[PDB]
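Q: The sequence isn't on hand, but the structure is:
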């Protein structure tokens, strides 16, 4: 068919394709026009269709497109929005697994990471070029996203925001291509301005771009503090937020057949800029990452391990730790007889005082343009180039010298975690969405009510990297259903890596070794 | 392989053995170790009494069944009886006739009287470097062998 | 360990 | 302790 399509697709058009995709194109066109009418968006962008019957696609998508001619090169920048459909069966991979002495096959539907292949990207390139007419243009991948099958297209607010954000990401990538001047500390180092930060321990989740929950324990908020003289805000209501990093505190069980058995980790689950800043760049991302580093000042990070008010049976209770410790029992932690001293003792014996820093990089998240560089910094054909992009971003922030704190020609920025990230959400007892990341070590210990043999089977599922990943995923899904009451609605995939301890320490020192240092305010013991 | 353990012709026996492996691989055993620093087989000292006994249906079974686990069950946990036997099978400062007599006494008490003795044998330890060289030299010349029990 | 997957990122 | 040698052949 491909040899014929070359010319017999040129003459004439047809109808058809996924009705959900047509609805999605139509709602985005509606929202586009409302945004133009209300001056939220300029009428300077196009939205195209990527569809099944024309492109042999797997999953359909909408394409948000901006264009510019940069130093003579015609450039198209785009951000695809992938649309899964629960009523459409997709072909599977045939996964042959050598299970001991026998090979068995597990089939699984291709996920968005299996479908959005390099060639899928190349067909996006060509499809847009034919719809814009810029047949010889260069095409930029601004980082794709996903609009999941599961839900009513009636959330016009979410869809409007996805369009605005997609347009902004597209503009930033053209700006990069054109040489727009980088974010740097030089614009932050006011002679009358310093930074300060707060660590928020509140018991509530964040939501992503389509309203789905994000697990974290601590929100690190970095603010701009000015001297009380004349300020621009004398003419307006104003806020001081610069950026924020959202972290989860994990625990890795590392027995020694001594050290406290659980090794904590600071996991970045999200990186955001303040709402005041429309741009999303490498320099901004890197500057914000220093917020995760500081979460471990003193023992502040360990507040995430505390019990909290009145909960009769709930999942993150440190008392579950007693099942792995010598006690082999849940610690009575929720009652009036449990002391601060007893809490400290559980940590002294079970939790190592210095956590491992790591992060979750989502190829389809809003920061995908940047997070994908960090993923490529882990290996592959462009590993050294991905590193050069990140190291350059740090140097753009500081005016050079990152290499004096971290030699990138000796050490990796991120080391591969091994096991990938299984993502998703489930519903709680009131029907609200919750992040599946809730079943962490304490979570699973509570879910099994101390049955360690069940806990260990659960734990091993995501730790033994030798187990084929399909088996790891199936086993995990079985545990979540058992452990949550069949409340899972499965969603997605992401990559995990461990930050080179020296990259992150160096990032904070390299910035500090010029410019404003952050005031470690609200110490609050 | 016995003369390679030691004695007047140990050097000749060793030369024959290393030549045999080199014939298998096309030379190169010598790239793994020095056979004149590492003799191919060492003595185990305690030698082997061979024979068989009859089981409850009259079948012939190897007398070697009263090994360490075997002997412990035979004495039903009487460690002093076990240790007397075990020392008999390990202390080779004791003349072998004395050891042979006690080994036979132990079979009559623990194995039974339906025991027939057969031709005796030596035991020795294969030098770990001989083993390294034989296994690696074969693999190193491309004669790859797959394990059937790919995982347990 | 599949890295360098997806092209056109404009970073390098 | 000592190794006796019998009349082996062919290899020596």
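A: Nice, I can see it. Residues are numbered from 1 along each chain as shown, chains lettered A, B, ... in the order given.
Q: And the closest residue to residue A:18 other than its chain neighbours, its phi and psi?
A: Closest residue in space to residue A:18, ignoring its immediate chain neighbours: residue A:60 at 5.1 Å, by Cβ to Cβ, 6 or more residues apart in numbering or on different chains. (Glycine included, C-beta is placed from N, CA and C.) Note on residue A:60: backbone dihedrals following degrees, to the nearest 10 are phi -70, psi 160.
Q: now residue A:60: how far from chain B?
A: 41 Å (Cβ to the nearest Cβ, to the nearest Å).
Q: count of residues packed around that residue?
A: Around residue A:60 there are 25 other residues, counting by other Cβ atoms under 10 Å in any protein chain shown.
Q: Which residue does chain C have closest to chain B?
A: residue C:1 (21.4 Å; Cβ to the nearest Cβ).
Q: measure that residue to residue A:106 for me?
A: 21 Å (Cβ to Cβ, to the nearest Å).
Q: quick one, helices of chain C?
A: Counting by DSSP state H, chain C forms no helices at all.
Q: and the spatially most distant residue from the centre of it, what is it in contact with?
A: Taking Cα atoms, centre = their mean, the residue of chain C most remote from its mean C-alpha position is residue C:1, at 13.2 Å. Applying Cβ atoms under 8 Å, 6 or more residues apart in numbering or on different chains, we find residue C:1 in contact with A:378, A:379, A:416.
Q: so the last one touches residue A:499, yeah?
A: This means residue A:416. No: applying Cβ atoms under 8 Å, one finds residue A:416 not in contact with residue A:499, separated by 11.6 Å.
Q: isn't residue A:46 right up against residue A:62?
A: No: with contact defined as Cβ under 8 Å, residue A:46 does not count as touching residue A:62 (11.0 Å).
Q: Neighbour count for the two, which is higher?
A: When residue A:46 is set against residue A:62 and neighbours are counted by other Cβ under 10 Å, the residue ahead is residue A:62, at 25 against 16.
Q: In which helix or strand does the more buried one reside?
A: strand A:60-70 (DSSP states H and E).
Q: Quick check: what element follows that strand along the chain?
A: Using DSSP H and E, the first helix or strand after strand A:60-70 is strand A:73-83.
Q: Given that following strand, what are its sheet partners and their directions?
A: Strand A:73-83 pairs in its sheet with strand A:60-70 (antiparallel), strand A:138-141 (parallel), strand A:145-146 (parallel), by DSSP bridges.
Q: that older thread, pick out whichever of residue A:416 and residue A:499 has more residues nearby.
A: Between residue A:416 and residue A:499, residue A:499 has the larger neighbour count (other Cβ under 10 Å), namely 24 against 17.
Q: Skipping adjacent residues, who's closest to that one in space?
A: residue A:357 (4.4 Å).
Q: isn't the one you found right next to residue A:498, touching?
A: Yes: between residue A:357 and residue A:498 there is a contact at 7.4 Å, judged by Cβ under 8 Å.
Q: With neighbour numbers in mind, choose between these two.
A: Set residue A:357 next to residue A:498 and count neighbours by other Cβ under 10 Å: residue A:357 wins out with 22 against 18.
Q: For that one, list each beta-bridge partner.
A: Going by DSSP bridges, residue A:357 forms beta bridges with residue A:266.
Q: Quick check: the gap between it and residue A:507.
A: Applying Cβ to Cβ to residue A:357 and residue A:507 gives a distance of 10 Å.
Q: list residues touching both of those two?
A: With Cβ under 8 Å, 6+ apart, residue A:357 and residue A:507 have common neighbours residue A:293.
Q: Could you check how many residues crowd around residue A:501?
A: 13.
Q: which residue does chain A bring closest to chain D?
A: residue A:101 (41.4 Å).
Q: What's the local residue count around residue A:298?
A: Neighbours of residue A:298 (other Cβ under 10 Å): 9.
Q: Kindly report the same for residue A:455.
A: 22.
Q: do residue A:411 as well
A: 14.
Q: Residue A:504 is in contact with that one, correct?
A: No: with contacts counted by Cβ under 8 Å, residue A:411 stays clear of residue A:504, the gap being 11.4 Å.
Q: And the helix or strand hosting residue A:243, what does it pack against?
A: Using DSSP H and E, residue A:243 sits in strand A:241-253. With contacts taken as 3 or more Cβ pairs under 8 Å, 6 or more residues apart in numbering or on different chains; DSSP states H and E, strand A:241-253 sits against strand A:218-226, strand A:262-273, helix A:282-293, helix A:441-447.
Q: For the residue nearest to residue A:18, give me its contacts.
A: Counting by Cβ under 8 Å, 6+ apart, residue A:60 has contacts A:17, A:18, A:20, A:21, A:50, A:51, A:52, A:82, A:83, A:85.
Q: Which strand residues bridge it?
A: Assessed by DSSP bridges, residue A:60 has beta-bridge partners residue A:83.
Q: From chain C, how far off is it?
A: Taken as Cβ to the nearest Cβ, the span from residue A:60 to chain C is 18 Å.
Q: try residue A:504
A: Applying Cβ to the nearest Cβ to residue A:504 and chain C gives a distance of 20 Å.
Q: hey, where'd the strands end up in the stretch 351-500 of chain A?
A: Here the stretch 351-500 of chain A has its strands, by DSSP state E, counting those that start in this stretch, at A:356-361, A:414-416, A:421-427, A:433-435, A:488-499.
Q: Spit out the contact partners of the closest residue to chain C within chain A.
A: Chain A approaches chain C most closely through residue A:380 (2.9 Å), counting by Cβ to the nearest Cβ. Taking Cβ under 8 Å, 6+ apart, we find residue A:380 in contact with A:386, C:2, C:3, C:4, C:5.
Q: Which among the residues you listed count as buried?
A: A:386, C:3, C:4, C:5 (16 or more other Cβ atoms under 10 Å in any protein chain shown).
Q: What residues does chain C have near chain A?
A: C:1, C:2, C:3, C:4, C:5, C:6, C:7, C:8, C:9, C:10, C:11, C:12 (Cβ under 8 Å from any Cβ of the partner chain).
Q: The third one is in contact with residue A:375, isn't it?
A: It refers to residue C:3. Yes: using Cβ under 8 Å, residue C:3 makes contact with residue A:375 at a distance of 6.4 Å.
Q: Need the overlap of contacts for these two.
A: Common neighbours of residue C:3 and residue A:375 (Cβ under 8 Å, 6+ apart) are residue A:386.
Q: ok, back up a step: looking at the strands paired with strand A:73-83, which is buried most?
A: Highest mean neighbour count of the strands paired with strand A:73-83: strand A:145-146, a mean of 24 (counted as mean count of other Cβ atoms under 10 Å in any protein chain shown).
Q: Outside of that strand itself, list whatever touches it.
A: Contact with strand A:145-146 is made by A:79-84, A:112, A:162, A:166, A:209, A:364-366, A:368, A:492, as judged by Cβ under 8 Å, 6+ apart.
Q: Please consider this matter closed, and thank you.
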